[PDB]
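>>> Here is my input, please return the structure:
(8 chains, ligands or ions: 2)
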Amino acid sequence: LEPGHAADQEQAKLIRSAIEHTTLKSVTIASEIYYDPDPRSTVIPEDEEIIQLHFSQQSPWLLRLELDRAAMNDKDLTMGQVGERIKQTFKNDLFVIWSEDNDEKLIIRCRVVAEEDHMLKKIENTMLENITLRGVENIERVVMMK
Amino acid sequence: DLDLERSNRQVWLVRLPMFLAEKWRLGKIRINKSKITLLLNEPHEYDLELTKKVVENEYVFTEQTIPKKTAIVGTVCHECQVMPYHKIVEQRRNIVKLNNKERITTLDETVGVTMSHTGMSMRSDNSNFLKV
Amino acid sequence: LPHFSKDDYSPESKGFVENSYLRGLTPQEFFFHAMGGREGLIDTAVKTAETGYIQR
Amino acid sequence: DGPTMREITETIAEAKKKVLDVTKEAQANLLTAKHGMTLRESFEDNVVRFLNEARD
Amino acid sequence: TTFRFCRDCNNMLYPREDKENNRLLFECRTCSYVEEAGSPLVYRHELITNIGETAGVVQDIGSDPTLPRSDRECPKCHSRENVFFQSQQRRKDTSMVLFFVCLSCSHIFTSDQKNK
Amino acid sequence: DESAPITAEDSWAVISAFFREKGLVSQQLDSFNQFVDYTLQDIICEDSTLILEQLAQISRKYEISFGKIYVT
Amino acid sequence: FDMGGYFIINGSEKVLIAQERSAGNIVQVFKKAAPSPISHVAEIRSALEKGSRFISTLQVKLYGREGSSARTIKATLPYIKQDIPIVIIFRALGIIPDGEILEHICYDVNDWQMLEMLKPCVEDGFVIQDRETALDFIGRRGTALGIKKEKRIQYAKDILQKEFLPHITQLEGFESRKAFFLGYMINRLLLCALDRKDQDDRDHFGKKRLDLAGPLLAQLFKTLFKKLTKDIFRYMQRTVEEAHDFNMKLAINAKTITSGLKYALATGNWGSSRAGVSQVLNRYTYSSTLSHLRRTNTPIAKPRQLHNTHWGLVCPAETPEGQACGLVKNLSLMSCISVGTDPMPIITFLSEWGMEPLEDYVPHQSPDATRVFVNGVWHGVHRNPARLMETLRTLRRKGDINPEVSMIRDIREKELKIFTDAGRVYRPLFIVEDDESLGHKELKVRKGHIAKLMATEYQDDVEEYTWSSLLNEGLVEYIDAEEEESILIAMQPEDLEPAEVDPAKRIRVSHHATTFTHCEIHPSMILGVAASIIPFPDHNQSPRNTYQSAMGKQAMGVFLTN
Amino acid sequence: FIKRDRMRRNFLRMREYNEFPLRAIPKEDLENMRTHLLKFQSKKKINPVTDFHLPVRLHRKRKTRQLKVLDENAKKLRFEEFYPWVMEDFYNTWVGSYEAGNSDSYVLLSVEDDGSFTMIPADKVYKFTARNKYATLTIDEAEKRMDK
Ligand SMILES: [Zn+2]
Ligand SMILES: [Zn+2]
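Numbering: from 1, shown residues only, chains lettered A, B, ... in the order given. Ligands and ions are numbered 1, 2, ... in the order given. Structure as follows:
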């Protein structure tokens, strides 16, 4: 590190959070696909809260996934900046919603403009593997040493 | 000209033990109303288990591209299995585990006789084989 | 070894030799010590076999 | 000497109590491993460290 | 995920979108057998797998001499005679949390004091 | 008594009763003896039959088969 | 004092060193850490028990790395070039529906993961849905010498009835059985892919088979006998074709067998395939001959390192140094090699107690049925392995079944392997019984049997009480390295069996374990011949025991009296 | 602490019901007809032959001096009869195959009008499979369609 910012742990945590590779699959507990034809209304009774907030022609098929809050902590992340990353990845073809940090259950939902399931499953592979949330390539397990 | 005779006949399939089956290659069944046995002729009595109660899609036919004479017998009604002085049968089952083969026999002669029969022994022909 | 229980993480069963060469060793310790000896011999042999090629 | 043999027996015994305590805390899932290793690696490092410390 | 099979065909029922009534259906592409949908769920990946740790539990698990014995009592029947073993899921990040198997009611109660 | 547990030294006797029966090199003798006893008859009997097919114009055949082998 | 156990060729004492090879007819799975598209390989070397010596090996490959989707399964077949999916083979075996295929592969409907990974194979199996189109598919894929299709469909069916899985049998109609076994191999491959089972270890000594003079002379005499028959028939065809007289002296030659056996037992080669089998007997001393005849060789995980399965079977100290270190092994003092028996009476005896055949098996009607395996062949299941196992063990201890047969009952795997093949290395151990009149566990052998035994020993009035009398009464049992996985052995009898100190004695373990099934005769028997001469090897480091075990094969002494 | 080698001197100094009879049908009917078994593979529970409709039909569909290999009897007789039979109408199709292994011991207890039974030894056993339910195929069309 630099001689000016020496003997500092928080700065080294920022540098580690700036170079250590992170991916979307790292934070992902599980994902699941739903058939929900109406774009706005959702059959799922829980996510209705999200439906109430994050809203205020598209695919009938829903892609949904859940993240580990502990992963959101150990690897510092924001549901917002994640949704930003995906939105600036696929651009406008895939509509995106993500749950709040306040939610005790982290939820992310996405849709598109044969069966829609296969298309979604392709997008699943792209999401898990081909998205890097932060950090430069080929860097892992940065260890602090005095 | 295949013709179904009846198929209404009900047949029971039985998985017998080997000595009685090879013996069959007559008794009296006693149906006890859910436990049934068999009183053979002098000799043992045998409880036959209701192996499979429902036994559909199984039938029995007989035979008297090459079409042949085909006749249909009856439907299979119940899958069964005969279950078994039992100490003698257990001893016979232990006794079947004693099969062996004969070992190689060592010729004990004076060798010179056999070794004389090996090579040239001034004895030819004596057997017609590939003699043209 | 088939002389201990399953899922045993005790140090004695995992290779710790608490006895000394003055009072002898137990079989389950002499076996592991034999493994370490054979491993030492093999390691020395490989280190020499590669040391020669490096030397050339 | 005798007292030295008893001091060695107690030295090893204290390390055995430490490995048993870390073993119970590991079986109770009450020990979180540090960054870079897993629970089993840190546990083996602690046990091996205690055994080598008692032997030294 | 827990899909059904066709009748007579016994083939897997691929999901078919119903655009007329706008509702999910299950079809067989070999035949014309299409049944309704009792759930919108179709696919679940479940990345982080935690099942399989307690695999291979049999009714005759109490007669295993190789397995150890403990004296901790069961929370249900309060029987101190039980047999414990760790998780059956073999993986690097698998915790060493013990699994207690009572020899009376056959209940599987663990020893984790953090999460139960 | 006769139903008393054995000791550690007593086990040595058992080992004696082992080496009196087997011997230090009994595996080669047992394997070789079993080879001579059964393996010869098995190899001879597993592929002894060979036939020659002779044609004439009436068909004809010849056969040679090996039976019980004899060792000296 | 001449121990014998060797041959004499041209006045030279030749010794046939015990060869070591791997076993067959066992499903194995391995991982591939290479960038190859195959992630796991399910190898199984299939071969008959006697005759022909089959080398064909079936392989079930799993394509697609972890993380990526569309992970199909494709298994190779002999004489067929490209690989064929498993479901298409299931169509070629007579099973058309896919629910029955998933019913044969996965035996648990509650598990969704294996069935989930089966989906792509059910898709390609949807592409080809007919049995006749599958037989024509395998007929068109491999072996193009049939030319005609009508002969390549029946020829492919004959391949599936004969060359496909040489073990079990080779008759027509056994396609259901082989379908269940194939679904079992797929269940082991996918079950290994779900990280529920570790990679199959090849260093386990129980999965290894040794070869003495028996198997070697079986291969040699087999090939020489085949050549003899072929030559005799050649003389027959020459005789009938050239139209002459026949003679028994010109048809059957003796220099083929004499030159074959004399040449193979004379030279190091066993026909380069195999070399170094026959070595001159080392007569430097008596322990050099004892340790020389018991010497076992291993042809070229790390095989040189000492494995934990070598306890009581291979000497942990007696090993040479140099290039052949750890590849040469020595038999421990009470270790023997099996000779092989007959599995037919056992298979015949199992079906008399309700052992359901394999072709009648339904996993939905009997999910808790225990599978029975005889030499790797799956003959059927049984819904009561407790009483059956107790019966086979009681009849195994009485002397009916040959004690060389090793039977294992894997509880978690829910299997019961039976090994009666030649080549396994076993060792005798005592039998421990828990039900006694004292209230605790105690050995089966008592003091009266020891008194009669020593009476016969020192008497040689006699009582004819020897080792065989100790074995037939159920007091001592042989255990290989496979059964050793399912037993608990005790070291000292009077130190670990009863239930509860001078500082000069060594510290030992405790007796918290109660389910001791067997007990070690004596630990000092784990050493070989050369290490047995060492005085107090416990108080000495291991490499010195190895160096002394190496110097004990060249010291001056008196080998014999003649 | 020493090896006790004087054990020779120590050992030398120390030493309501219903009964119904069974009968065997005369062997003439066994010489006239051979009894085989039927087992279906369509999962459907019912499937009787009355619901199979009519007309039910079950029918089976120069060199010098050289060398021959050999072969035995029963296996040859079973090898020459490599034509499986089929039952159809004029449509449902059922094609059976041999079972072989389920020979062993199988005795039939045919129930007549009276309470007694007639026992007949089973010759063989066959597994019938309902064929051509969907009605489709292709051969070369599937070989070219599988190359995508
Ligand atoms: Zn269908
Ligand atoms: Zn309980």
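
>>> mind checking the longest helix of chain G?
For chain G, the longest helix by residue count, based on DSSP state H, is helix G:213-242.

>>> er, chain B I mean
Counting residues, the longest helix in chain B under DSSP H turns out to be helix B:86-95.

>>> and that helix, is it in reach of chain H?
No. Counting by CB under 8 Å from any CB of the partner chain, no contacts exist between helix B:86-95 and chain H, the nearest distance being 15.3 Å. In short, each C-beta sits where N, CA and C put it, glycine included.

>>> Please enumerate the strands of chain H.
Listed in chain order, the strands of chain H (DSSP state E) span residues H:17-24, H:34-40, H:57-60, H:66-68, H:85-88, H:93-98, H:107-111, H:117-121, H:126-131.

>>> Quick check, central residue of chain C?
Centroid-nearest residue in chain C, with CA atoms, centre = their mean: residue C:36, separated by 2.2 Å.

>>> what's the spacing between that residue and residue C:30?
As defined by CB to CB, to the nearest Å, residue C:36 lies at a distance of 11 Å from residue C:30.

>>> what's the overlap in contacts for those two?
Here residue C:36 and residue C:30 share the contacting residues residue G:542, scored by CB atoms under 8 Å, 6 or more residues apart in numbering or on different chains.

>>> after the longest helix of chain B, next one along is what?
From helix B:86-95 onward toward the C-terminus, using DSSP states H and E, the following helix or strand is helix B:112-118.

>>> Where does residue 119 fall, secondary structure wise?
Since no chain was named, I'll use chain A. Here residue A:119 sits within helix A:116-130, counting by DSSP H and E.

>>> meant chain G actually
When elements are defined using DSSP H and E, residue G:119 is found to belong to helix G:113-127.

>>> going on from that helix, what's the next piece of helix or strand?
Toward the C-terminal end, the helix or strand that comes next after helix G:113-127 (DSSP H and E) is helix G:131-141.

>>> Checking that next one against chain E, do any of its residues make contact.
No. Under the criterion of CB under 8 Å from any CB, helix G:131-141 makes no contact with chain E; the nearest approach is 14.0 Å.

>>> so what's residue 23 bridging to?
I went with chain A, as the question did not name one. According to DSSP bridges, the partner residues bridging residue A:23 are residue A:132.

>>> not quite, I wanted chain E
Beta-bridge pairing of residue E:23, defined through DSSP bridges, involves residue E:18.

>>> and it, what is it in contact with?
Counting by CB under 8 Å, 6+ apart, residue E:23 makes contact with A:37, E:36-37.

>>> Next, the contact list for the residue most central in space within chain E, please.
To find the centre residue of chain E, average its C-alpha atoms and take the closest one (CA atoms, centre = their mean): that gives residue E:51, at 6.4 Å. Contacts of residue E:51 were listed using CB under 8 Å, 6+ apart, and they are residue E:89.

>>> element containing it?
Secondary structure here is read from DSSP H and E; on that basis residue E:51 sits in neither a helix nor a strand.

>>> tell me which of the contacts of residue E:23 is nearest to chain C?
When the contacts of residue E:23 are compared for distance to chain C (CB to the nearest CB), residue E:37 comes out closest, at 45.3 Å.

>>> Compute the number of surrounding residues for the closest one.
By the other CB atoms under 10 Å in any protein chain shown criterion, the neighbourhood of residue E:37 contains 17 residues.

>>> can you check residue F:13 too?
Neighbour count for residue F:13, taken as other CB under 10 Å: 15.

>>> element containing it?
helix F:11-21.

>>> Check what contacts that helix and list those residues.
Helix F:11-21 is touched from outside by G:334, G:428, G:445, G:450, G:453-454, G:457, G:466-468, G:470, G:476, G:493, G:521-522, G:525, with contacts defined as CB under 8 Å, 6+ apart.

>>> Can you give the distance of that helix from its chain's centre?
26 Å (CA atoms, centre = their mean, to the nearest Å).

>>> Does anything pack onto the next helix or strand after it? Which helices or strands?
Where DSSP H and E defines the elements, the next helix or strand beyond helix F:11-21 is helix F:26-34. Helices and strands touching helix F:26-34, as assessed by 3 or more CB pairs under 8 Å, 6 or more residues apart in numbering or on different chains; DSSP states H and E, comprise helix G:213-242, strand G:336-337.

>>> Can you give me the buried ones in the helix or strand just after the longest helix of chain G?
With elements assigned by DSSP H and E, the helix or strand that comes after helix G:213-242 is helix G:248-251. Of the residues in helix G:248-251, those with enough neighbours to count as buried (16 or more other CB atoms under 10 Å in any protein chain shown) are residue G:251.

>>> hmm, who's touching helix G:248-251?
Counting by CB under 8 Å, 6+ apart, residues outside helix G:248-251 touching it are B:119-120, G:232, G:235-236, G:239.

>>> Alpha carbons only: can I get that helix in PDB?
Backbone C-alpha positions of helix G:248-251 (Å, rounded to 0.1, in the frame of the first residue of the first chain) are rendered in PDB as follows:
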ATOM      1  CA  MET G 248      -1.200 -90.000 -34.200                       C
ATOM      2  CA  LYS G 249       2.500 -89.200 -33.900                       C
ATOM      3  CA  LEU G 250       2.500 -86.300 -36.400                       C
ATOM      4  CA  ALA G 251      -0.900 -84.700 -35.400                       C
END
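
>>> The helix or strand that residue G:390 is a member of near chain E at all?
If you go by DSSP H and E, residue G:390 is part of helix G:385-397. Yes. Judged by CB under 8 Å from any CB, helix G:385-397 comes into contact with chain E at residue G:386.

>>> In chain E, which residue sits nearest chain H?
For chain E, CB to the nearest CB, closest residue to chain H: residue E:30, 5.1 Å.

>>> Tell me where the stretch 201-350 of chain G has helices.
Secondary structure of the stretch 201-350 of chain G by DSSP state H, counting those that start in this stretch: the helices cover G:213-242, G:248-251, G:255-266, G:286-293, G:344-350.

>>> deepest of these, which one?
With neighbours defined by mean count of other CB atoms under 10 Å in any protein chain shown, none of these is more surrounded on average than helix G:286-293, at a mean of 22.

>>> other SSEs contacting that helix?
Using 3+ CB pairs under 8 Å, 6+ apart as the contact test, the elements touching helix G:286-293 are helix G:529-532.

>>> C-alpha coordinates for the helix it packs on, PDB please?
Listed in PDB are the C-alpha atoms of helix G:529-532, where the atom choice follows Å, rounded to 0.1, in the frame of the first residue of the first chain:
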ATOM      1  CA  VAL G 529       9.700 -62.300   7.800                       C
ATOM      2  CA  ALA G 530      12.700 -60.000   7.700                       C
ATOM      3  CA  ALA G 531      11.300 -57.500  10.300                       C
ATOM      4  CA  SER G 532      10.600 -60.400  12.700                       C
END
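
>>> which bits of chain H sit near chain G?
With the criterion set to CB under 8 Å from any CB, chain H comes near chain G through H:7-8, H:11-12, H:15, H:64-67, H:75, H:78-79, H:82, H:97-102, H:129, H:134, H:136-139, H:142-143, H:145-146.
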